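Bear in mind that the values in this text are calculations on the coordinates, not laboratory data. Cβ atoms come from the backbone with ideal geometry, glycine included; neighbour counts cover every protein chain shown.
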There are 2 protein chains.
Amino acid sequence: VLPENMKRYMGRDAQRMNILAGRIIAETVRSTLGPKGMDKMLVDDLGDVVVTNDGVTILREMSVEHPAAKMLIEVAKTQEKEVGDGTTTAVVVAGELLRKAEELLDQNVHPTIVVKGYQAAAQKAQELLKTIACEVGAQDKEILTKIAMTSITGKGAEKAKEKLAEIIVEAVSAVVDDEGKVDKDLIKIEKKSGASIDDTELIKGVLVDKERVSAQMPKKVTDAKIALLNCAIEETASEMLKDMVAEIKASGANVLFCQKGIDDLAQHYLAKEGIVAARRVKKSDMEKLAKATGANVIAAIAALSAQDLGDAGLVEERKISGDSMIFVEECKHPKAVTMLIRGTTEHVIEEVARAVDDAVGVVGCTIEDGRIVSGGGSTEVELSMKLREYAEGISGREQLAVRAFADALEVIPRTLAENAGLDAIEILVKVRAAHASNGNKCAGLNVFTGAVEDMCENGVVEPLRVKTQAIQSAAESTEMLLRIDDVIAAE
Amino acid sequence: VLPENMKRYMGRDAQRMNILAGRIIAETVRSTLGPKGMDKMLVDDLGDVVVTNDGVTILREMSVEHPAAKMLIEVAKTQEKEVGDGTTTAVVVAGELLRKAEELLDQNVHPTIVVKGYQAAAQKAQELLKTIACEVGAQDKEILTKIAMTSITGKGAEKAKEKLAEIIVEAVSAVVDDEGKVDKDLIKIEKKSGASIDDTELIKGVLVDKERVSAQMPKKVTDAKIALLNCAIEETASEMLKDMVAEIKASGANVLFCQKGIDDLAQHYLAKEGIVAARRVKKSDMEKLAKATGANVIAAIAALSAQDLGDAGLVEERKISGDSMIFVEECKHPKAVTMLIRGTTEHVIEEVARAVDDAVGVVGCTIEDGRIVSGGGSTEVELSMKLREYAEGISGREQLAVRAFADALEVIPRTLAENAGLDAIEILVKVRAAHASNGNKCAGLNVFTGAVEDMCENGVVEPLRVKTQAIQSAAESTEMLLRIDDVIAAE
């Protein structure tokens with residue numbers, strides 16, 4: 001019935017193969033887990049080199065075959081869209097979840113027991129997270145910089161994590177408006193090789209990666225009237241093109257951003273009128289300019305009026321590491337800011353660009369969700385303690401699946417210690433004992449000194465969403481995977 | 001006479017090969033049978049992954065060679081079009097039908113005896129179904145939610161089966177109008193990743209997966225006059241395109257849905273007139289909008305008049321999990337509703353989308369057919385009991401074919417127990433004895449506790465049509481298959 005070459009796995013082989021595929025992914029990423037994680041190098045079919053420690057980037061760039069590895073990739077992408085971080089963590093948890101679950105399937109325990117047990121344990125784990133959750137101010141400067149800096153650490157950018165947190169916290173508060181929703185488009189991430197990471201700074205306005213289209217145009221314009229046109233400024237014959245220039249001038253425009261091209265004939269007439277112009281402007285840049293300046297993007301040149309013009313206090317052409325760029329600054333009430341990232345090499349400022357991708361993310365998460373929890377494996381250990389007691393209350397065979405889930409949470413503090421170069425046996429014993437005796441905000445592992453410490457005292461906390469999202473995504477992913485008992489794949 | 005490479009089967013080999021092909025299909029799907037059935041994974045030639053437990057989906061996506069497997073696929077498709085559910089059930093019954101029948105063919109019993117016996121037994125089985133059929137109210141809230149929720153169980157979506165049944169029962173009653181015929185087009189199934197299944201909700205109006213074509217257009221319009229045009233709004237020169245805009249404005253239109261494109265020149269003039277617009281609108285969406293709002297879809301822009309405009313109380317652009325969509329709500333007397341499905345992942349809300357595909361189906365079936373029967377294998381067991389007595393009355397060789405048909409019905413309660421992880425021997429003995437002693441509405445197997453129970457007390461019932469359609473389709477399919485004694489297939 002089926003074509004020769006089609007392959008099929010079933011029962012124990014389907015489940016082992018599928019868990020194996022997910023395990024291979026977990027094996028790849030688990031060595032990036034934590035501040036003391038290492039970097040991977042991915043080289044494509046063309047020779048292009050991608051160096052990273054991000055689970056999503058790694059999973060997006062690598063080309064897997066097995067559906068299970070493809071599902072973990074898609075889960076990692078959702079994790080990025082929602083939280084940003086917790087990617088590698090969730091994969092490692094999901095891997096251990098399947099490892100634990102396989103022992104039950106191998107023991108001939110009906111799949112419905114494992115699934116139901118995980119549904120119960122995951123529901124109780126999130127309830128426990130809400131119980132330990134600490135309420136903090138959505139706009140508290142202190143916790144904003146603590147979340148920010150904590151996220152930054154373990155990265156190359158940690159050198160200037162204080163300057164970066166200061167930029168990111170102020171940038172979000174500026175653009176977030178109400179309490180609140182922050183748009184990542186309102187905090188522009190610009191990077192240019194040169195100087196150090198310490199020279200990275202925040203620009204109260206918009207930096208456009210364009211130059212003054214003519215040498216004869218002014219290089220500095222004050223009290224600027226910004227025009228946004230997407231129609232190319234090219235008309236046959238000089239008189240006809242000059243008419244267009246006169247129409248732009250008539251509106252009172254002093255600074256002109258054209259999405260398409262500007263013919264040399266128009267550039268000369270624009271220069272005569274003292275109107276500065278930049279062509280080939282990116283659609284994104286036209287939008288950021290419209291938002292900040294209050295300029296209205298106009299289709300037809302004829303349609304541009306004075307009421308469509310935006311305001312900027314100063315528009316000036318400056319060279320950054322030699323390259324000419326236009327600074328739109330000193331606006332009355334800008335709605336967008338720009339973060340100019342500096343550093344010794346392109347690869348460094350790319351790492352910083354990712355670092356601040358996460359930093360601005362988690363600060364936004366802290367504003368929207370005023371619940372945080374202790375880090376350093378404190379949650380997962382607290383969950384092990386409480387879910388073990390829950391398991392005892394539950395009883396039957398279901399308590400074994402819940403016991404496996406609760407114990408599976410230990411993979412995180414265990415792998416964190418491995419990457420830190422710590423003796424996991426000594427860590428797990430001393431941390432667990434210290435956790436049970438002193439508490440959840442009086443423990444955890446500090447990988448930076450390589451010993452059990454007080455995570456709360458040191459400001460080592462993570463947004464509640466990280467931990468609760470990890471449960472939702474991971475539990476649903478491994479639950480689905482467990483449900484498949486027969487894989488039929490065409491060649 | 002015939003090309004070398006052409007293949008031919010005849011007599012016992014044609015019949016065995018054909019039954020084998022049908023058996024392989026039955027073997028594939030029978031493990032999805034029941035609430036405790038498992039999921040399959042189908043991977044195509046491109047790598048695309050389809051995860052399901054639906055017999056039709058599985059049969060549509062898989063590529064069979066043998067005509068018999070192709071016939072079972074087409075039967076499964078008819079089962080979907082008519083009933084929705086009962087797919088896997090009918091295939092399993094048909095498989096056992098051919099297994100039983102083959103024993104008679106192998107015993108050298110003339111094919112006409114087997115066929116006639118099945119024609120008789122199937123006619124009596126449906127008569128027995130009408131005898132046990134329980135009359136219920138076509139619009140009885142209680143049985144509507146009992147049919148709904150029962151259908152939902154055994155799926156990932158069962159977590160919120162109470163919220164889902166509430167949505168589906170109310171949705172159908174709203175759009176069904178008279179008693180009655182419900183159109184599935186009037187209950188829109190919309191899905192967007194984010195939140196949980198508990199956040200799934202019913203929208204008294206139409207949700208369109210489009211955004212406001214210009215940033216300069218209002219984001220909220222009240223007392224909306226909806227226009228439906230399928231002509232692209234693009235005219236050479238600004239004056240000529242503005243004329244079109246003025247004509248739309250003249251009609252009194254405030255909200256405009258264009259099936260094709262809208263030129264930027266028109267977007268700006270529309271924004272000046274305070275008319276909001278969405279382009280590239282799907283033909284389906286243009287139709288749902290026409291039905292609900294009472295808007296008349298117009299071909300030529302010139303032809304649009306005030307009498308063609310539909311009404312909506314509120315038309316507003318909202319972001320759902322970030323994506324901008326248009327809500328058309330608060331209409332006086334809407335004829336269409338929208339069900340917005342939420343959930344943690346795309347794969348989950350896809351499973352929910354299928355779950356509610358069936359839920360809305362069986363509720364519609366319950367309104368059109370006010371006859372239901374007890375589930376949990378009660379019918380098939382009742383049929384075994386009565387058709388055995390009928391067989392004794394019939395006598396001759398025909399009674400053996402009828403005995404085989406009656407006994408073949410047991411495959412369902414037997415396989416249900418297998419998938420539940422129950423000892424089929426203990427089940428079949430205790431259930432059959434309990435059925436004969438206590439009755440048909442005082443028995444059946446409860447796979448959820450893994451023991452014989454009272455299906456009727458627990459509200460475990462299925463529409464009469466499920467069981468009577470299963471007989472018609474299955475009996476006609478296996479009857480046809482039995483009729484072929486010679487298969488000549490070209491290469």
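For helix A:67-82, what angle does its Cα long axis make with the longest principal axis of chain A, in degrees from 0 to 90 and rounded to 10?
Value to nearest ten degrees: 60.
Give me P(r) over the stretch A:248-346, computed from all C-alpha to C-alpha distances, binned every 10 Å, as integer percentages.
Per 10 Å bin, starting at zero, the Cα-Cα P(r) for the stretch A:248-346 comes out as 13, 46, 31, 8, 1 percent.
Going Cα to Cα from A:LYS335, which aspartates and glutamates come in below 14 Å? Please leave out same-chain ones fewer than 8 positions away.
A:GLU170, A:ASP177, A:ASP178, A:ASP183, A:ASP185, A:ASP285, A:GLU287, A:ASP311
Tell me the angle of helix A:238-251 to the major Cα principal axis of chain A, expressed in degrees between 0 and 90 and rounded to the nearest ten.
Computed tilt is about 70 degrees.
Using only alpha-carbon positions, what ratio does the radius of gyration of the stretch B:131-231 give when scaled by 2.2 N^0.38 Å?
Computed over Cα atoms of the stretch B:131-231, the ratio equals 1.44.
Viscosity 1.306 mPa s, temperature 10 °C: what is the translational diffusion coefficient of the stretch A:42-133 from Stokes-Einstein with a Kirkwood Rh over Cα pairs, rounded to a whole number of µm²/s?
The Stokes-Einstein estimate is 102 µm²/s.
Based on the alpha carbon coordinates of the stretch A:422-489, what radius of gyration and maximum Cα-Cα distance (Dmax) apply, in Å?
According to the Cα coordinates of the stretch A:422-489, Rg and Dmax are 17.5, 53 Å.
Compute the whole-percent fraction of alpha carbon pairs in the protein assembly as shown spaced more than 59 Å apart. Before the final figure, lay out the partial values.
Values: 110896 of 481671 pairs.
Taking all Cα-Cα pairs of the protein assembly as shown, the fraction more than 59 Å apart is 23 percent.
What angle do you read, to the nearest 10 degrees and between 0 and 90, between the alpha-carbon axis of helix A:87-106 and the longest principal axis of chain A?
Its long axis makes an angle of about 30 degrees.
Report, in whole Å, the centroid distance computed from the Cα atoms of the stretch A:322-338 and the stretch A:425-482.
Cα centroid to Cα centroid, the span is 42 Å.
For the stretch B:294-371, count the residues as N, evaluate 2.2 N^0.38 Å, and divide the Cα radius of gyration by that value, please. Please report the intermediate quantities before stating the final value.
Working: Rg = 17.9 Å, N = 78, 2.2 N^0.38 = 11.5 Å.
For the stretch B:294-371, the normalised Cα radius of gyration is 1.55.
List the trypsin sites (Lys or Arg not before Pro) within the stretch A:143-181 that DSSP assigns to loop and that have no more than 14 neighbouring Cβ atoms inside 10 Å.
Those satisfying the criteria are A:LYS181.
Cα atoms only, the stretch A:193-239: Rg and Dmax in Å?
16.6, 52
Considering all projection directions equally, how large on average is the shadow of the alpha-carbon convex hull of the stretch B:58-198, in square nanometres?
On the way: hull surface 49.5 nm².
If you wrap the Cα atoms of the stretch B:58-198 in a convex hull and average its projections, you get 12.4 nm².
Can you list the distances in nanometres, one decimal and ascending, from the A:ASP13 label point to the identical position in each other copy, with the point 7 Å along Cα to Cβ?
Between copies, matching label points for A:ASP13 lie 2.9 nm apart.
Can you give me the distance in nm between label points at A:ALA246 and A:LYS283, each placed 7 Å from the Cα along the Cα-to-Cβ direction?
Roughly 3.4 nm, to one decimal.
For the stretch B:346-491, what is the convex hull volume of its Cα atoms per residue in Å³? Don't jump to the answer; show the numbers that get you there.
Numbers: hull volume 29.4 nm³, N = 146.
Convex hull volume per residue, Cα atoms: 201 Å³.
How much of the DSSP beta bridge set in chain A is antiparallel, as a percent to the nearest 5?
Percent antiparallel among DSSP bridges in chain A is about 70.
Got the relative contact order for chain B handy, in percent, Cα pairs under 8 Å and 6 or more residues apart?
The normalised contact order for chain B reaches 25 percent.
Under the convention of a label 7 Å out along Cα→Cβ, give the distances in nm from B:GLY393 to the same position in every other copy, shortest first.
Result for B:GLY393, in nm, nearest copy first: 5.9.
Hey, what does the equivalent ellipsoid look like for the stretch B:56-104, semi-axes from the Cα gyration tensor as sqrt of 5 times each eigenvalue, largest first, whole Å?
20, 14, 8
Let me confirm one metric for peptide B:35-45, namely the mean number of other chain beta-carbon atoms within 10 Å of its residues' beta-carbons.
6
For the pair A:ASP39/B:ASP369, report the inter-label distance in nm, with labels modelled 7 Å from Cα in the Cβ direction.
With each label point 7 Å from Cα toward Cβ, the separation is 6.6 nm.
Tell me which GluC sites (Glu not before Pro) from the stretch B:51-130 have a DSSP coil assignment and no more than 12 other beta carbons within 10 Å of their own.
Values: sites: B:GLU61, B:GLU65, B:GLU74, B:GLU80, B:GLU82, B:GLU96, B:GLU102, B:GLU103, B:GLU127; in loops: B:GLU65.
Those that pass, being in a loop and sparsely packed, are B:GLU65.
Tell me the label-point distance for the pair B:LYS163, B:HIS110, using the 7 Å Cα-to-Cβ offset, in nm and rounded to one decimal.
Once both label points are built, they end up 6.3 nm from each other.
Under 8 Å for C-alpha pairs, at least 6 residues apart: give me the relative contact order for the stretch B:1-68, rounded to a whole percent.
For the stretch B:1-68, the relative contact order is 28 percent.
Over all directions, average the projected area of the Cα convex hull of chain A and note it in nm². Mind dumping the intermediate values first?
Values: hull surface 116.8 nm².
Directional mean of the projected Cα hull area for chain A stands at 29.2 nm².
Once you keep just the Cα pairs under 8 angstrom separated by 6 or more residues, what percentage relative contact order results for the stretch A:233-317?
Once normalised by length, the contact order is 29 percent.
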